[PDB]
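Numbering of residues begins at 1 and proceeds along the displayed sequence.
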Amino acid sequence: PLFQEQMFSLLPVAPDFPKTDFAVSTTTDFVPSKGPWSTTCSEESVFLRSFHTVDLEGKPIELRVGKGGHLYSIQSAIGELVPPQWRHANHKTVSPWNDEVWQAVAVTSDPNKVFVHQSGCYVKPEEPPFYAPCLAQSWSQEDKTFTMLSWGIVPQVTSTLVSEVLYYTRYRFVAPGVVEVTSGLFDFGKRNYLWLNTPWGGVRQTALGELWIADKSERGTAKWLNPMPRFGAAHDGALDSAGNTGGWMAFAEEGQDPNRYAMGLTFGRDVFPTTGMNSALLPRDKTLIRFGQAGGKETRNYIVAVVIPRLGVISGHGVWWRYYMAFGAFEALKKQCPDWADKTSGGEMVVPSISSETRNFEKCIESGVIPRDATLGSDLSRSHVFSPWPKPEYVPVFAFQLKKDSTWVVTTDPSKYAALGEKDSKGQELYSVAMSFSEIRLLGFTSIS
């Protein structure tokens, strides 16, 4: 009870805004999203919980957060705003709500270039999709705040790396049509993940076909990117630094109605305080924003959007990034995005030095969190003490149900139990958490030495 929420004491305190009067309901009972979709995979496999709220005009809108914490569905007044997850001919792998969705990404290159998603895996057409399971979640109706924890997932079913990134996600409905997303990225491994996406995403093109970038010197205005960029051209007109903008971007309907539907995404003007901050968690120049059309309009249906911040994660450390999303009429979205852009900042997820609640392996069994037949992973013992947040040099204590024999094991070494025994064509060890674990549970953190 108190242990479970102390897991979320790692993310920064939510900024204290004066509350507004509007309704928001939440459900974890799956009903099919209408969203016209291009994948036949079961949305129930990725659905975790929905949010029925309103937009800037008081009109209904539904947000569906995936099992890992990613935003994969927006049902607005004009329709779905997340790309339909389209497969190009015989791509031989399908991307079911694990790529073209609003999610956090951590990219490492220490052993090899291995991505880590908040959502899930690319799978074969006949393969059952896999998604990062929700390790812990919490809802507060009075604060309209959803706080959850998940384990990062390498998007390849089999890879050379087991993801060493935990994702702290929070959704705060702060205004009619303004959602606050605070992403927490913690690296509990020994290598680093310097490249981050806070967030990776984009919108469905047939819904919002206009690409707008806020003007640098006129508050509340944006420039229409009429040379409709293409993601991949990169610096060739499909990239801008945060300091060269007004701190936000907009995806508006194709038309001249000033009150057509639009979606706002803030990223700040790169004025967030950097002195007074660990330097290795600022590996890059400044915040980058890449955008543009990908694939065909009526097929891929994806105007890309990604905020690559100046932040990165290293071993035993964690950073955070708080941004905002707006939904509603373009005119009203343009006048309120500036204030939320000035609130977009970030820093390090500092470990709280205050005391915490503690759990044992035996204490997890008596609480029913893990079954009585569970064993320890030979790296643990009864004297080990589980903690809600990663103190310096702490590693997550996992509870795995292996697909090999349905047995339960509690360990902090997921690299041992998902090892496939196969070899990379070069000569590296292959792993797969999707083909090894039936259930993934997090008991907390502890030190091994």
For the pair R170 and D143, find out whether any cationic side-chain nitrogen is under 4.0 Å from an anionic carboxylate oxygen.
no
Please assess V307 against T287 for the test side-chain contact (heavy atoms from CB on, under 4.5 Å), listing each intermediate value before the final yes or no.
CA-CA 7 Å; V307 169; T287 286; 3.7 Å; yes
Between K391 (side chain) and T446 (backbone), is there a donor-acceptor pair under 3.5 Å?
no
What is the distance from atom CG of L211 to atom CD of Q293, rounded to the nearest 0.5 Å?
10.0 Å
Would you kindly check if the NZ (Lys) or CZ (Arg) of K144 is within the cone defined by 45 degrees around the ring axis of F22 and under 6.0 Å from the six-membered ring centre?
yes
Below 6.0 angstrom between ring centroids: does that apply to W321 and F272?
yes
Between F173 and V178, is there a side-chain heavy-atom distance shorter than 4.5 Å?
no
Distance to the ring centre below 6.0 angstrom and angle to the axis at most 45 degrees; does that hold for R359 and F3?
yes
Pick one: which of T108, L166, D187 meets side chain to side chain contact (heavy atoms under 4.5 Å, CB included) with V313?
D187
Looking at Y72, does the NZ or CZ of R64 lie under 6.0 angstrom from its six-membered ring centre and within 45 degrees of the ring axis?
no
Do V179 and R172 have side chains that approach each other closer than 4.5 Å (heavy atoms only, starting at C-beta)?
no
Return yes when atom CG of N112 has more than 12 non-hydrogen atoms of other residues, nucleotides or ligands closer than 6.0 Å, and no otherwise.
yes
Test side-chain contact (heavy atoms from CB on, under 4.5 Å) on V319 and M349 and set out the steps.
CA-CA 5 Å; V319 303; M349 285 184 331; 5.9 Å; no
Evaluation steps, side chain to side chain donor-acceptor pair (under 3.5 Å), between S73 and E80
CA-CA 7 Å; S73 188; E80 243 307 319; 2.4 Å; yes
In terms of heavy-atom contacts, does NZ of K297 have more than 12 from other residues, nucleotides or ligands at under 6.0 Å?
yes
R260: which of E253, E210, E254, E331 passes salt bridge (charged side-chain N to carboxylate O under 4.0 Å, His left out)
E210
Return the CZ to CZ distance between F251 and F327, rounded to the nearest 0.5 Å.
10.0 Å
Are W389 and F186 an aromatic pair by the rule of ring centers under 6.0 Å?
no
Could you give me the CA-CA distance, side-chain angles and deciding distance for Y193 and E164, then say whether side chain to side chain donor-acceptor pair (under 3.5 Å) is met?
CA-CA 9 Å; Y193 300 73; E164 301 144 322; 2.6 Å; yes
State, with a plain yes or no, whether a side-chain heavy atom of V433 is found less than 4.5 Å away from one of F130.
yes
Separation of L63 CG from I74 CD1 (nearest 0.5 Å)
5.5 Å
For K67 and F47, indicate whether the former's side chain and the latter's backbone hold a donor-acceptor pair under 3.5 Å.
yes
For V154 and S159, which heavy atoms make the closest approach, and how far apart are they?
CG1-OG, 3.3 Å
Are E393 and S447 packed together at the side-chain level, in the sense that at least one heavy-atom pair is separated by less than 4.5 angstrom?
no
So do the side chains of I303 and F291 get within less than 4.5 Å of each other, counting heavy atoms only?
no
Exercise: do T206 and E298 side chains pair donor with acceptor under 3.5 Å:
no
Do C134 and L48 touch side chain to side chain, with heavy atoms closer than 4.5 Å?
yes
Whether the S119 and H117 side chains hold a donor-acceptor pair (N or O, under 3.5 Å, no angle test) is what I'd like checked.
no
Between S438 and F400, is there a side-chain heavy-atom distance shorter than 4.5 Å?
no
If the condition is ring-ring contact (aromatic ring centres under 6.0 Å, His included), which residues does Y394 pass it with, not counting sequence neighbours?
none
Does any part of the side chain of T160, heavy atoms only, come nearer than 4.5 Å to the side chain of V114, both counted from C-beta?
yes
Worked check of side-chain contact (heavy atoms from CB on, under 4.5 Å) between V46 and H70
CA-CA 10 Å; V46 75; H70 58 290; 3.4 Å; yes
Report the C-alpha distance between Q4 and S138 in whole Å, list the side-chain angles of each, state the deciding distance to 0.1 Å, and finish with yes or no for side chain to side chain donor-acceptor pair (under 3.5 Å).
CA-CA 9 Å; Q4 321 204 207; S138 184; over 6 Å; no
Whether over 12 other heavy atoms sit under 6.0 Å from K343 NZ
yes
Is it true that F51 and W139 have ring centroids separated by less than 6.0 Å?
yes
Locate the shortest heavy-atom distance separating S387 from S356; write the atom from each residue and the value.
OG-OG, 3.9 Å
Check whether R284 reaches the backbone of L194 with its side chain - one donor and one acceptor, N or O, closer than 3.5 Å.
yes
Show your reasoning for whether ring-ring contact (aromatic ring centres under 6.0 Å, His included) applies to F398 and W151.
CA-CA 10 Å; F398 281 106; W151 183 22; 4.4 Å; yes
Flag for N98-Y122: side-chain donor and acceptor within less than 3.5 Å
no
Do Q85 and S95 get their side chains close enough for a donor-acceptor pair, meaning under 3.5 Å?
no
Distance (rounded to the nearest 0.5 Å) between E180 CD and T182 OG1:
4.0 Å
Are the side chain of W320 and the backbone of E348 linked by a donor-acceptor contact shorter than 3.5 Å?
yes
A cation-pi test, strictly: NZ or CZ of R204 under 6.0 Å from the centre of the six-membered ring of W37 and no more than 45 degrees from its axis. Yes or no?
yes
Salt bridge (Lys or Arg N to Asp or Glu O under 4.0 Å) evaluation trace for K124 with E126:
CA-CA 5 Å; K124 254 152 39 153; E126 75 271 29; 3.7 Å; yes
Of the options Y261, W224, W212, which is the one that meets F330 in a ring pair (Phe, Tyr, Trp, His ring centres under 6.0 Å)?
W212
Closest non-hydrogen atoms of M7 and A136, given as atom of the first, atom of the second and distance, are SD-CB, 4.2 Å
Before giving the answer on salt bridge (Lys or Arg N to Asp or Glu O under 4.0 Å), spell out for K216 and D240 the whole-Å C-alpha distance, their side-chain angles and the decisive distance to 0.1 Å.
CA-CA 11 Å; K216 97 198 286 216; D240 216 338; over 6 Å; no
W102 and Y323: CA distance, side-chain angles, deciding distance, ring-ring contact (aromatic ring centres under 6.0 Å, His included) verdict
CA-CA 12 Å; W102 294 105; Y323 56 100; 7.8 Å; no
So how far is it from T221 OG1 to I213 CD1, rounded to the nearest 0.5 Å?
12.5 Å
May I ask you to decide whether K334 forms a salt bridge with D215, counting only side-chain N to carboxylate O separations under 4.0 Å?
no
Euclidean distance, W86 CH2 relative to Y302 OH, rounded to 0.5 Å:
15.0 Å
Residue pair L196, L185: steps toward the side-chain contact (heavy atoms from CB on, under 4.5 Å) verdict:
CA-CA 9 Å; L196 312 173; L185 305 87; 3.8 Å; yes
Is a salt bridge present between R300 and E100, judged by a nitrogen-to-oxygen distance below 4.0 Å?
yes
